[PDB]
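> With the input below, show me the fold.
(2 chains, ligands or ions: 1)
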Amino acid sequence: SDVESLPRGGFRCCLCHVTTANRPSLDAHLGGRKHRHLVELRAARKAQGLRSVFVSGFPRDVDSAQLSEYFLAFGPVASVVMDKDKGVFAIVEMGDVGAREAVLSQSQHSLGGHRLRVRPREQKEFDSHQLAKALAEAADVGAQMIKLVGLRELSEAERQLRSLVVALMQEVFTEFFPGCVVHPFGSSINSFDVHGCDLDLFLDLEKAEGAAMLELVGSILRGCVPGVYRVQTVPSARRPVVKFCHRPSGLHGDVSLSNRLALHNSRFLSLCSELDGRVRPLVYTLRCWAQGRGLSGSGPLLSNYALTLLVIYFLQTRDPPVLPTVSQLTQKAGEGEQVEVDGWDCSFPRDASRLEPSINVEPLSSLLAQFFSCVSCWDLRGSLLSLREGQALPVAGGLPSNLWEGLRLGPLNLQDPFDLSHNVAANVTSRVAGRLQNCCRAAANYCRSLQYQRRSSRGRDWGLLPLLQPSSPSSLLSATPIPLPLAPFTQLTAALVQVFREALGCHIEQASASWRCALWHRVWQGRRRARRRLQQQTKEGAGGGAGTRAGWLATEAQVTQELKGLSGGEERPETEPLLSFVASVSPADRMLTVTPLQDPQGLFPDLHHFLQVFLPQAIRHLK
RNA sequence: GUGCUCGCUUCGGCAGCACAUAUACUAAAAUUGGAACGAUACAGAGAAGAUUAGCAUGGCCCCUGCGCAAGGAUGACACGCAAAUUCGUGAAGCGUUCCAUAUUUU
Ligand SMILES: [Zn+2]
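Residues are numbered from 1 along each chain as shown, chains lettered A, B, ... in the order given. You can find the structure just below:
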């Protein structure tokens, strides 16, 4: 009854959301642990719900204890839970059906001089376009990145909502703990926040006591904080955390216990962000790209903090240093900023008004291209990327292992600037590292394309748009050479240049003969309608003129000029070509290879099919 | 949220009363690396035992056609077809059973 069919004989489990490819696999799923566990959960939940009662209207600010002991006379209580948000209502779980029947049998209840609302409980079962439009009209790619920052950051209302949530959590925690504060970190304060980002909190006040404190935090969060659900603990890791959600505001996030290192990391990130102007748009763009291409997330992927540290390291290892090394920051931190946590020195200047500006001049487009290229080149497995020194330490030396005693090496090595034994890319497996390298190579060779270099006038998804939309390009390259009519190589190459220049209106530069060709209008389309107009006008004007060898090129040039004039409505300055390509001829077999260079609209296939019909006819009329 | 006030009101609201206050916060740990088993998809090779891989449409493909009627013209895109023959077995896809000095915030 929980199985819903699917095409190709598919089967799915509604509970587990797990598909099966055939009947035996479905039966195995139906008879194995995951499914039974879920049917036991649903059966127990439905039974408990049916043997349950709903209480409202009880006197304001009355604890569950007296209500439970009042209901004790009517039957054996099992669980009483009170509302978080306002405590208006409560649910009393009874350890039987008879007592639930007894309590629902009465038409009147009294407790503490207030008529109660005892009532049976119901049981129930378990920017795609606007972003593109906003980024499709900027002046250039740098403006696109700045606008991406503008429309991807946290809006002021969202900031207010997050601050209200933080204040609520602070209030409840101060109610429980004697003296404590909640320091928001991560995206909340490092100025690298996006819409719907994690709300990460630090609770400021050998392992059993830590586990007990984490369990206390989980119990307090589950039982007192209004609107939170899905509280779970990860007590066995480098930093035990408790995860939660928040139904009213829709937020989710993590709570850690004793990491001041996170606070210092966040302040360092803010200092880097306000130390130069390129870093914030660069990190936002790289995070959006990595999220789109499915290599940044949770688990076996680059955490976005690791991506932020990677782009910071890229900014550090340039010949003109865009950002200073953390060693330089530690040296330039004056007296009073010397602090250390867990035996590790975390010192850097507090205000950006003291450090000299970087002498780096190259804009954000060049920085993005250099990031792609340099990250694609690096020997990630054999090199440790040290942020404190801005240097690639040799991983095989053994020194980086015995120096820090806790460094877990791997396919990608990247040490956070303050913890000396916390390579932040230990999650990444080999497949994810290889995918990162390959996608970086793809982006690197895309950045050299003229589409990323010049904005589109007619609208062709220029700028970051291809790097944001997934649009995995699986298109084959030039595989079909065009056969040409047998002519002497010099005559054939001359006649091709005439046909491209005169009959098609291409700009042609000389690059086996080869030429770069560029087109601003769709000269392959419409030609049948243009020729019929020219033929009608000629038949109305002065019939005559026997067709010579020169008359064919002149007639195709006129058919091309008509197709320009029918689109002249455009007034945009024609600085970017609608389609550019190479034309290349082999000496022996006299075949023409044609390859795209810039095709912002995906129109190269239409041009190629047109040239396959047109060029072997043109070279027949030019013999 | 709704109704009432034989209360102020500026005429919206405010101040009290009445119903209602929703039907929880419920633990559905996850990820990675191993091993074994079941499947059966695998561009998987013969083929669909002379005879399939073709589709139907739309506007595009060129030529002819004054075309005004159109004809071949066959590649792209969208639209729904679906594919069994009879057959073996995977990789980072489906399912099941164990293992891990293995991982989880920033
Ligand atoms: Zn299931």
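> Hmm, residue A:64 is touching residue A:80, no?
Yes: judged on Cβ atoms under 8 Å, residue A:64 makes contact with residue A:80 at a distance of 4.3 Å. For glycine as for every other residue, the C-beta is placed from the backbone atoms N, C-alpha and C.
> Need the overlap of contacts for those two.
Common neighbours of residue A:64 and residue A:80 (criterion: Cβ atoms under 8 Å, 6 or more residues apart in numbering): residue A:90.
> So which bits of stretch A:8-24 are buried?
A:11, A:12, A:13, A:15, A:20 (16 or more other Cβ atoms under 10 Å).
> for whichever residue of the stretch 401-550 of chain A sits closest to RNA strand B, phi and psi?
Proximity of the stretch 401-550 of chain A to RNA strand B (Cβ to the nearest atom of the strand) peaks at residue A:431, 3.3 Å away. The phi/psi pair for residue A:431 (degrees, to the nearest 10) reads phi -60, psi -40.
> so how far is residue A:287 from it?
21 Å (Cβ to Cβ, to the nearest Å).
> Which one of those two is surrounded by more residues?
More crowded of residue A:431 and residue A:287, by other Cβ atoms under 10 Å: residue A:287, with 20 against 10.
> any idea whether that one is helix, strand or coil?
Classification of residue A:287 by DSSP: H, G, I helix; E, B strand; the rest coil places it in helix.
> which residues sit in contact with it?
A:192, A:194, A:296, A:304, A:307, A:308.
> hang on, residue A:320 packs against residue A:366?
No: if you go by Cβ under 8 Å, residue A:320 and residue A:366 don't touch, sitting 12.0 Å apart.
> Please identify which of those two sits among more neighbours.
residue A:366 (12 against 9).
> Looks to me like that one is in a helix.
Yes: under three-state DSSP, residue A:366 falls within a helix.
> what's the neighbour count on residue A:100?
Using other Cβ under 10 Å, residue A:100 is surrounded by 21 other residues.
> That one is in what secondary structure piece?
In the assignment (DSSP states H and E), residue A:100 maps to helix A:98-105.
> Could you name the helices and strands sitting against that helix?
Other elements packing on helix A:98-105 under the criterion 3 or more Cβ pairs under 8 Å, 6 or more residues apart in numbering; DSSP states H and E are strand A:52-56, helix A:64-74.
> That helix: which residues count as buried?
Buried-residue list, helix A:98-105, by 16+ other Cβ under 10 Å: A:99, A:100, A:103.
> What is the subsequent helix or strand relative to that helix?
Next helix or strand after helix A:98-105 toward the C-terminus (DSSP H and E): strand A:119-120.
> which neighbours does that following strand have in its sheet, and in what orientation?
As defined by DSSP bridges, the strand partners of strand A:119-120 come to strand A:52-56 (antiparallel).
> Now render the helices and strands packed on helix A:98-105 as TSV, adding mean neighbour count and distance to the ion.
Formatted as TSV, these follow (neighbours: other Cβ atoms under 10 Å; distance: least, Cβ to the ion, whole Å):
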stretch	mean neighbour count	distance to the ion
strand A:52-56	18	26
helix A:64-74	15	35
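> Dump those to JSON lines, plus distance to RNA strand B.
Shown next, in JSON lines, are these (distance: least, Cβ to the nearest atom of the strand, whole Å):
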{"stretch": "strand A:52-56", "distance to RNA strand B": "3"}
{"stretch": "helix A:64-74", "distance to RNA strand B": "8"}
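> Helices along the stretch 101-250 of chain A, start to end?
A:130-135, A:141-152, A:156-176, A:208-224 (DSSP state H, counting those that start in this stretch).
> Including mean neighbour count, could those helices go into TSV?
TSV is the format used below for those (neighbours: other Cβ atoms under 10 Å):
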stretch	mean neighbour count
helix A:130-135	15
helix A:141-152	18
helix A:156-176	15
helix A:208-224	15
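> Throw the helices and strands packed on helix A:98-105 into CSV and include distance to residue A:607, thanks.
What follows is the helices and strands packed on helix A:98-105, written out as CSV (distance: least, Cβ to Cβ, whole Å):
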stretch, distance to residue A:607
strand A:52-56, 70
helix A:64-74, 75
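> and of those, who's closest to residue A:143?
Of all the helices and strands packed on helix A:98-105, it is strand A:52-56 that lies closest to residue A:143, at 56.5 Å by Cβ to Cβ.
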